[PDB]
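The next block holds one structure in the form of structure tokens; read it before the comments.
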Amino acid sequence: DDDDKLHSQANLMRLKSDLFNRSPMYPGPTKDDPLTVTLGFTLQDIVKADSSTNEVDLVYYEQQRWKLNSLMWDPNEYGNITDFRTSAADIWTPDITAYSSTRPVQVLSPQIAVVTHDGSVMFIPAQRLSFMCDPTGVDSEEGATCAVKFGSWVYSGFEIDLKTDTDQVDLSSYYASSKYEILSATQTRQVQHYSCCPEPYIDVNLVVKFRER
Amino acid sequence: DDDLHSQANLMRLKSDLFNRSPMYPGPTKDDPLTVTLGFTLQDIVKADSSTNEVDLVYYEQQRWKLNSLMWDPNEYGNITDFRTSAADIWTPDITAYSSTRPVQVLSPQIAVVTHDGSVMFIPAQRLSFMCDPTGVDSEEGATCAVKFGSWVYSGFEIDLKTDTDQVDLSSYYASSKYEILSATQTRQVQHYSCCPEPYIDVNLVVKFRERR
Amino acid sequence: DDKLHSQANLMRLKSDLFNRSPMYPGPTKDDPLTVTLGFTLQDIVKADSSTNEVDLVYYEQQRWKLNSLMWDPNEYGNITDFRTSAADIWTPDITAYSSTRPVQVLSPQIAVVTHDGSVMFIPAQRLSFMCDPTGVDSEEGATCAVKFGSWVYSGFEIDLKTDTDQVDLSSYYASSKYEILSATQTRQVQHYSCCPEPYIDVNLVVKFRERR
Amino acid sequence: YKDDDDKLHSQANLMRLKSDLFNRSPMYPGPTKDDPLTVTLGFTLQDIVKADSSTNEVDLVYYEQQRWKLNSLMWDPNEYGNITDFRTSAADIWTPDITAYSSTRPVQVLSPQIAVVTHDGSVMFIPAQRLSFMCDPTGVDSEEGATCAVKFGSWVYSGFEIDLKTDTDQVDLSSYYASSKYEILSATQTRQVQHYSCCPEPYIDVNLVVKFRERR
Amino acid sequence: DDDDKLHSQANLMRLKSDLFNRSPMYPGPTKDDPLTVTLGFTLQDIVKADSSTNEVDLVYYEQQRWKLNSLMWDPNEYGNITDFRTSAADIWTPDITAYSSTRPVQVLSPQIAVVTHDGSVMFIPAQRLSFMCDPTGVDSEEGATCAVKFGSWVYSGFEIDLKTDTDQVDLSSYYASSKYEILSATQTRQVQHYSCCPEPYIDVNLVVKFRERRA
Ligand SMILES: CC1=C([C@@H]2C[C@H](C)C(=O)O2)CC[C@]23CCCN=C2CC/C=C(\C)[C@@H]2O[C@@H](CC[C@H](O)/C(C)=C/[C@@H]13)C[C@H]2C
Ligand SMILES: CC1=C([C@@H]2C[C@H](C)C(=O)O2)CC[C@]23CCCN=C2CC/C=C(\C)[C@@H]2O[C@@H](CC[C@H](O)/C(C)=C/[C@@H]13)C[C@H]2C
Ligand SMILES: CC1=C([C@@H]2C[C@H](C)C(=O)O2)CC[C@]23CCCN=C2CC/C=C(\C)[C@@H]2O[C@@H](CC[C@H](O)/C(C)=C/[C@@H]13)C[C@H]2C
Ligand SMILES: CC1=C([C@@H]2C[C@H](C)C(=O)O2)CC[C@]23CCCN=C2CC/C=C(\C)[C@@H]2O[C@@H](CC[C@H](O)/C(C)=C/[C@@H]13)C[C@H]2C
Ligand SMILES: CC1=C([C@@H]2C[C@H](C)C(=O)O2)CC[C@]23CCCN=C2CC/C=C(\C)[C@@H]2O[C@@H](CC[C@H](O)/C(C)=C/[C@@H]13)C[C@H]2C
């Protein structure tokens, strides 16, 4: 019967209620309860390289994945619901930031995440980013090389650790008719040491080598 | 008192729907939703050959049906139909896949709800998307394409469809810098490595050239 | 100390109207609302022939009248009108049909409600819209038009009219880059193959040229 | 231990005062013909950033001083441990709807939107703004320069509800940017009255007239 | 077995809850309760120098630091937690403003502060700022000199004592491939009085000498 649809809605509603409007929520990672965030970029386009200001504009998808015990559930208690979509405001998200942007990142996609019964969150914002990049050599065979680091703004490696599944930037969705073609693009986790601080900070360094098509 | 009874019936209905009964948490695998999508292309504003971006203005017609929004007009003084702010209901997360700037909304964010639980939502939008306008200065013109789909829902939660593969050009701006040779909107089913579920988009293909 | 009671009188009035009473949920077929619309054209700021976009600054006068906003001044210390945030009341969704960028509001979003139930709301706006400015550098000038109308209501709900078909030019900026040769605002009735209901818009037609 | 004991008492008093003003008393409904308000307006001109002769728009940067007084914001400092004034977000109080009448773009606020309220009920509010307004800069490349003007007034209130006032007709140029592309020859702010056919009430504005030339 | 982690989260929720729900929140600095705010700059890039409007665009990190008794806790009472991060909207923050910006500041970093057990708040927004600056001489060896002041918009020196750790601007992460190189950058505390009024107003003057790069 079509009543099974009404039972599906009630089960989701109760699940969300149990995880948000009842269970003690998430204050962010701690030194004793650290969090690993998996990061990966899908480079869609180099829109603009500005040699009068040394800014380059990228469009990319930033894939983020982390896992919380306070988001786990048994699907058997909720009509075998295995995953659900929720607004990215309802849950805690990591403060992953580009370290050398020259204006605020523009969000191209709806700020919605996917939560899975094991406590997995997948969040993949499409973004347009202006960052510090000298495009000298872009009109040559060798091309120009630029880099931008992404990491937490406020957490050290003892609270947020970063990892990549791979060192290769996903280029399978690169705009085939861009003004610029990619010679190579890598994403490398770096354990970074600052003079201020005994504890290391983790970033992912995005190195893009490119030239005019 | 004729007016006052029709206003009270509307406020009662909106209450029953939006102060009860109880909520709507989006589509699921067991409770999937059909969103029908259609485009009315008004203008190609700008084709920047220095960055390969093209700016479109269009209306995006979205229609879907929720049982939680159904009512019997007989219970509410023959109200078959009402207007509501789009912030007050669930709407689908239909997104352009290759935009270069956040989409800019041109129209009031208001939807119409019919007693059959059907929702009609038609935002007007300006979109910048990835498009190489090479050839636009010629008789063959340039061809550009952009896909629209849910960002987060798969084909098992939202079934995207169209009523036609023909973009509505009946209000394309007659004095645009660009004339439309053709504009089509096509449903495609796509799979990604990570994931068993299908993902559905509508591909909008526009062929265009500079107006004489 | 009437100054103290003057405040409590207005406080009580706003309470009685916004609380106490059944809410006004907008117009319906059962209860159509006449909305009067008129433009005061202040400046043609910019005419872009690369994109066929023209930028206007104008005041958009909106006027309508409601039973649920009427009161007797004697009951409220001789108060005959009050100011209120436009966010606190229903306002009409009058939209440019061919803008190219979201309209930018230049004035505080505040309306004036009078005891006879009439609302005055006059947003100052900057609008980019579809206009071919060819011939602006000549004596005959260029001619462009843009239609304003409700996005979601038909003529059965919003009975849209103008008080005059002449655009107010009494404060068009005397040192503008462009001079106005004429500006008219004309109500039109249109029909669509979806809908039995008539649809109404106001067509702002501006003829203009480079000042010399 | 009268260290952070005085400090605790002073913090508690401040929070007691704000609570007594913004919770124990009904929300201020704005001025009326029987309870009218006088807003005192003065400008501090900081910079003429740009003069665009292809659109006839000029961009100004200035501080707009606004001051007014309300009985509902008065208090006795003795009942609140000698507190004479406090700072508050502009959003937590009523502020007048003073608007430029010939802007071509929405004003951009450069400063934090915070006001200062004094025990006599007076409020000081000084937002820094960038403004694009209608201005023909022909003459800017001359000795007498170019002259432009922009009126400021309430958008929805007549002079019977919000009266507008200046302390002086001289614009404050003591903070004008000395390396600006444009130098100021004069800047005045003059109160004006008129009537409209709609209404019997006087309508008031302050006309900011600026005379300027290219600095060389 | 090991869910002393449960727990670790419980301790932090309890702490934030104790500081934000069970104790009176700070109402801001006052005459009788003045605050010391320490301000410091890390210059990242001079993006753009516009000679037709006399505007220059800077990207910098603005270090802000202050200390409240009401944000102190005993780490022993909360499972040894010595610090936590929290949205900047949750706490009071200083209204430090550039005095000569020509566009509203743009924040580039998430608005999150770090609070330590002694009542310390560290808050470091990355910002892009357009300000008033005549870049004449930027194409020469001497370079051009520009300056911009930062201070409280609404508080006098009787409520906020503005301070620096040092007069040298941090250049250790200045973008090496910038269009402009830095010759010098100083941050100086200034006390000003206005004929208007008896209270002093404190600011930090950022003075940057810079020129076009020749790399
Ligand atoms: C210098 C610095 C960089 C530099 C900038 C350049 C593009 C780069 O690659 O690393 C990236 C952002 C980062 C390094 C990564 C962590 N965050 C910042 C700036 C924000 C710092 C905050 C909020 C507080 O100071 C942090 C340590 C202070 C440290 O000296 C500091 C300011 C580091 C910051 C920890 C935290 C308590
Ligand atoms: C690669 C990709 C595209 C590409 C871009 C190009 C224009 C195209 O045609 O498809 C459009 C958006 C989409 C495909 C359509 C659905 N969403 C995305 C990106 C957002 C993805 C989110 C939130 C989650 O990851 C998805 C994994 C699928 C896949 O690897 C992935 C990131 C697909 C995304 C499932 C979903 C739970
Ligand atoms: C085609 C159309 C135009 C055109 C564009 C051109 C400048 C013109 O003159 O009219 C302007 C906006 C309008 C004109 C009529 C009112 N609204 C629209 C688009 C928005 C429509 C919505 C939200 C729903 O469809 C409406 C009827 C559908 C109709 O075919 C339709 C799409 C009309 C729209 C009613 C309402 C339930
Ligand atoms: C004509 C006009 C101007 C003109 C524009 C030019 C730069 C000037 O100096 O005055 C600036 C804004 C103002 C002048 C006075 C303040 N209001 C406006 C526009 C907004 C008006 C509203 C909301 C209602 O009409 C007002 C009076 C009607 C009057 O004819 C009217 C529309 C005046 C408006 C009062 C109020 C009830
Ligand atoms: C004149 C002035 C400047 C100028 C600009 C130039 C770069 C400079 O060094 O000082 C920068 C901002 C400041 C100086 C420091 C305090 N803030 C302002 C402007 C905002 C002032 C407000 C909100 C109220 O008046 C303040 C004191 C009045 C004082 O005369 C005044 C208007 C000072 C303001 C305190 C407060 C109650």
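Identifiers for the structure tokens are assigned positionally: chains receive A, B, ... in sequence, residues are indexed from 1 per chain, and ligands are indexed from 1 in the order shown.
Using only C-alpha atoms, we find that the part of chain A lying within 6 Å of chain B comprises residues 5, 47, 48 and 108 of chain A.
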8 Å contacts from chain D to chain E using only C-alpha atoms, as a ChimeraX atom specification: /D:7,10-11,14-15,46,49-50,61,86-87,108-112,114-116,130,177,179-181
Would you save the residues from that selection as an mmCIF file, in the first residue's frame, using C-alpha atoms?
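again02.cif was written with the following content:
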```
data_model
loop_
_atom_site.group_PDB
_atom_site.id
_atom_site.type_symbol
_atom_site.label_atom_id
_atom_site.label_comp_id
_atom_site.auth_asym_id
_atom_site.auth_seq_id
_atom_site.Cartn_x
_atom_site.Cartn_y
_atom_site.Cartn_z
ATOM 1 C CA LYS D 7 33.881 44.657 38.098
ATOM 2 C CA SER D 10 29.425 46.871 37.029
ATOM 3 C CA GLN D 11 28.895 44.122 34.428
ATOM 4 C CA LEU D 14 25.057 47.057 32.554
ATOM 5 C CA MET D 15 23.189 43.843 31.724
ATOM 6 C CA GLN D 46 36.782 61.734 3.805
ATOM 7 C CA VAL D 49 37.249 58.122 -4.698
ATOM 8 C CA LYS D 50 36.057 58.265 -8.293
ATOM 9 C CA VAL D 61 33.390 58.217 1.239
ATOM 10 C CA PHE D 86 26.588 52.046 26.784
ATOM 11 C CA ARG D 87 27.347 50.634 23.314
ATOM 12 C CA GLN D 108 27.956 50.347 1.327
ATOM 13 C CA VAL D 109 28.582 50.457 5.071
ATOM 14 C CA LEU D 110 32.280 50.631 6.019
ATOM 15 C CA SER D 111 31.978 50.674 9.819
ATOM 16 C CA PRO D 112 30.552 48.281 12.504
ATOM 17 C CA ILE D 114 27.027 50.122 16.624
ATOM 18 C CA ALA D 115 25.462 53.111 18.395
ATOM 19 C CA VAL D 116 26.173 54.807 21.716
ATOM 20 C CA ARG D 130 30.651 54.643 0.388
ATOM 21 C CA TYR D 177 42.279 62.434 2.410
ATOM 22 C CA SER D 179 46.454 62.490 -1.337
ATOM 23 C CA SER D 180 43.038 62.050 -2.956
ATOM 24 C CA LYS D 181 42.795 62.288 -6.751
#
```
Atomic separation - atom CA of residue C:153 relative to atom CA of residue C:131, Å: 26.0 Å
Point-to-point distance from atom CA of residue C:187 to atom 1 (C, counted along the ligand's line) of ligand 4, Å rounded to tenths: 23.0 Å
Contacts to ligand 2 at 9 Å cut-off (only C-alpha atoms and all ligand atoms) as JSON, numbers by chain: {"A": [42, 44, 61, 62, 63, 85, 109, 110, 111, 112, 113, 114, 115, 122, 123, 124, 125, 126, 172, 173, 174, 175], "B": [95, 96, 97, 98, 99, 146, 147, 148, 149, 150, 151, 152, 153, 154, 190, 191, 192, 193, 194, 195, 197, 199, 200, 201, 203]}
